[PDB]
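The next block holds one structure in the form of structure tokens; read it before the comments.
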Amino acid sequence: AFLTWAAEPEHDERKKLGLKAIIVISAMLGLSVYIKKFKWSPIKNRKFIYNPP
Amino acid sequence: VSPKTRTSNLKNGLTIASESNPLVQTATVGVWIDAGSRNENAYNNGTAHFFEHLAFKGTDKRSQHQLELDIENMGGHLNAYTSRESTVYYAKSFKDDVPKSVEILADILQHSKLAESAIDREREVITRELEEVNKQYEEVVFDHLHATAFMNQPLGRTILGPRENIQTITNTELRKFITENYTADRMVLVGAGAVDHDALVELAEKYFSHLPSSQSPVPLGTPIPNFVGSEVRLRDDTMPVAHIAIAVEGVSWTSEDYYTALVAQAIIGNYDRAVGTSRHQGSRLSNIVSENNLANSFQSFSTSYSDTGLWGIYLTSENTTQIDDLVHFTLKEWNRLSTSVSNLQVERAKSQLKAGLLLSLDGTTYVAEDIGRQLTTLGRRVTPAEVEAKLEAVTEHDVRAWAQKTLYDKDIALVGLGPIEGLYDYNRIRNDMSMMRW
């Protein structure tokens with residue numbers, strides 16, 4: 001355990017910062033999906049009526 | 001100072017309203033009805049317009065030919081139009097031909113034959129009208145605009161109605177429509193020009209006394225519309241001119257913001273490259289459009305109905321690579337009604353409107369149309385002094401507050417017809433309804 005710490009002494013801080021990043025990035029991912037769907041809905045929902053000239 | 005509008009009622013509840021002008025020799029009498037296409041359902045949509053055709057196709061007394069002759073002998077003409085909320089039937093004549101014209105109008109409204117043979121004949125005429133409106137681009141654009149803004153609601157329907165209904169309208173449903181809707185409490189007999197009020201009231205007592213009254217008489221101009229932000233694109237690369245309308249939900253006749261919406265409309269105003277003065281107009285949008293050749297014309301509008309309205313602009317342009325600029329600059333001018341307008345623009349628009357509302361009424365038909373419209377939408381003719389006071393009450397704060405709740409960051413209904421490849425998608429248009437810098 002001691003030698004593992006000696007090789008990677010940032011370990012504890014790194015994993016806590018990673019938890020914060022995971023949470024923020026996941027929330028941003030969810031919101032980015034909502035926003036993409038919101039902005040795209042006029043294109044997705046578009047309908048056509050064709051009357052051949 | 002114009003002569004006072006006299007107003008009387010009959011017992012059935014028919015209003016008679018008149019404004020005499022001893023300087024003219026012609027008179028416009030007619031019947032304004034608070035009823036139109038919006039009173040139809042989806043099955044009989046088209047009926048009101050169908051009736052307008054049959055009203056001139058012969059009555060229980062005079063046949064079609066006799067009717068033609070009787071009007072020819074009067075000397076003037078008869079005219080009619082059906083809209084979404086209003087139907088009008090009027091007769092322009094000579095001063096002393098007014099009793100004849102009232103008698104003919106009373107006849108075609110109360111005692112029309114609606115003969116199966118005539119229904120069947122007009123059924124083709126109206127079918128041909130469906131394929132020839134196609135040319136009147138402004139009308140095509142505004143009918144699509146109503147259809148989309150009021151999607152699947154009565155105000156969204158056309159006046160002509162679908163082809164299917166035209167083939168299935170019977171004399172029964174025609175009769176039912178005019179019996180339910182053409183009632184005395186919904187009708188106004190109007191006279192303008194060389195008419196005596198007391199003479200017109202007597203003629204009303206003679207011809208329109210046996211009109212049905214409705215069971216539940218509501219006041220004149222009594223109506224729920226749910227506006228849909230949406231777009232119709234009718235791209236046609238072979239047309240040289242693009243026609244574009246953009247509108248938001250506007251104001252009804254009796255809104256508290258009715259004058260504020262008119263002032264806001266006058267701040268943008270109209271433009272037409274063919275008129276010589278238009279390059280010198282004060283409107284900011286006018287200056288942008290003329291300097292950069294963005295459009296052949298634009299016309300701001302503020303259309304009102306009993307319970308809603310549409311406020312917006314209609315643009316025409318041959319500049320097909322700069323449609324984006326045209327739309328961009330127009331909506332940035334609307335943004336400024338929310339962010340920037342001050343006493344400078346507001347007082348200039350008020351000045352222009354104080355005259356404009358009076359100037360419009362320059363002949364007997366315009367006067368009759370004004371009395372009839374106001375009586376069937378407001379229940380009264382509003383005097384120019386009251387109108388001058390309501391306009392004077394509009395401040396820059398009122399305009400800003402109105403634009404912030406009506407225009408700013410709001411959904412639009414948008415219709416484009418013609419070479420509109422350069423018109424961007426809905427989001428990019430609707431994003432110009434606000435300014436990130438504010």
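In the structure tokens, chains take the letters A, B, ... in the order shown, each chain's residues start at 1, and ligands count up from 1 in the order shown.
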Enumerate as a list in words the residues belonging to chain A that approach chain B to within 10 Å, with only C-alpha atoms taken into account.
->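 Close to chain B, chain A has residues 39, 40, 41, 42, 43, 46, 47, 48 and 49 of chain A.
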Write a file of the just-selected residues containing N, CA, C and O atoms, as a CSV table (one decimal), in the first residue's frame.
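Result file is out04.csv:
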chain,number,residue,atom,x,y,z
A,39,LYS,N,-34.3,22.1,-29.6
A,39,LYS,CA,-33.9,22.9,-30.8
A,39,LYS,C,-34.2,22.1,-32.0
A,39,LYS,O,-34.6,22.7,-33.0
A,40,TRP,N,-34.1,20.8,-32.1
A,40,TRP,CA,-34.3,20.1,-33.3
A,40,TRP,C,-35.8,19.8,-33.6
A,40,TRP,O,-36.1,19.3,-34.6
A,41,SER,N,-36.7,20.0,-32.6
A,41,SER,CA,-38.0,19.5,-32.8
A,41,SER,C,-38.7,20.0,-34.1
A,41,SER,O,-39.4,19.3,-34.8
A,42,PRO,N,-38.5,21.3,-34.5
A,42,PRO,CA,-39.1,21.8,-35.7
A,42,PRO,C,-38.7,21.0,-36.9
A,42,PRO,O,-39.5,20.8,-37.8
A,43,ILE,N,-37.4,20.6,-37.0
A,43,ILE,CA,-36.9,19.8,-38.1
A,43,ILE,C,-37.5,18.4,-38.0
A,43,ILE,O,-38.0,17.9,-39.0
A,46,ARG,N,-41.3,18.2,-39.0
A,46,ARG,CA,-41.7,18.8,-40.3
A,46,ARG,C,-42.6,17.9,-41.1
A,46,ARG,O,-42.3,16.7,-41.1
A,47,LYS,N,-43.6,18.5,-41.7
A,47,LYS,CA,-44.5,17.6,-42.6
A,47,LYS,C,-44.6,18.3,-44.0
A,47,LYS,O,-44.5,19.5,-44.1
A,48,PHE,N,-44.9,17.4,-45.0
A,48,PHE,CA,-45.0,17.9,-46.3
A,48,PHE,C,-46.3,17.6,-47.0
A,48,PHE,O,-46.8,16.5,-46.7
A,49,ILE,N,-46.8,18.4,-47.9
A,49,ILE,CA,-47.9,18.0,-48.7
A,49,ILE,C,-47.3,18.3,-50.1
A,49,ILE,O,-46.9,19.4,-50.4
Neighbours of stretch 165-169 of chain B within 8 Å (only C-alpha atoms; same-chain residues fewer than 3 positions away dropped), as an MDAnalysis selection string?
-> chainID B and resid 43:47 123 126:127 161:162 173:174
Give the helix (DSSP H, G or I) residues of stretch 319-423 of chain B, as assigned by DSSP on the backbone, as number ranges by chain.
-> B: 323-339, 343-359, 364-377, 384-392, 396-406
Do a neighbour search on stretch 370-383 of chain B at 9 Å with only C-alpha atoms, toss out local chain neighbours closer than 6 positions, and write the hits as a PyMOL selection string.
-> chain B and resi 4-5+7+15+17-19+30-34+86+88+186-192+219-222+253-254+305-306+361
Would you list the contacts of residue B:405 as JSON, numbers by chain, taking every protein, DNA or RNA residue within 12 Å and counting only C-alpha atoms, but skipping same-chain residues closer than 2 positions in sequence?
-> {"B": [248, 249, 250, 251, 257, 261, 335, 337, 338, 398, 399, 400, 401, 402, 403, 407, 408, 409, 410, 411, 433, 434]}
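In this model, the gap between atom CA of residue B:384 and atom CA of residue B:358 comes to 7.7 Å.
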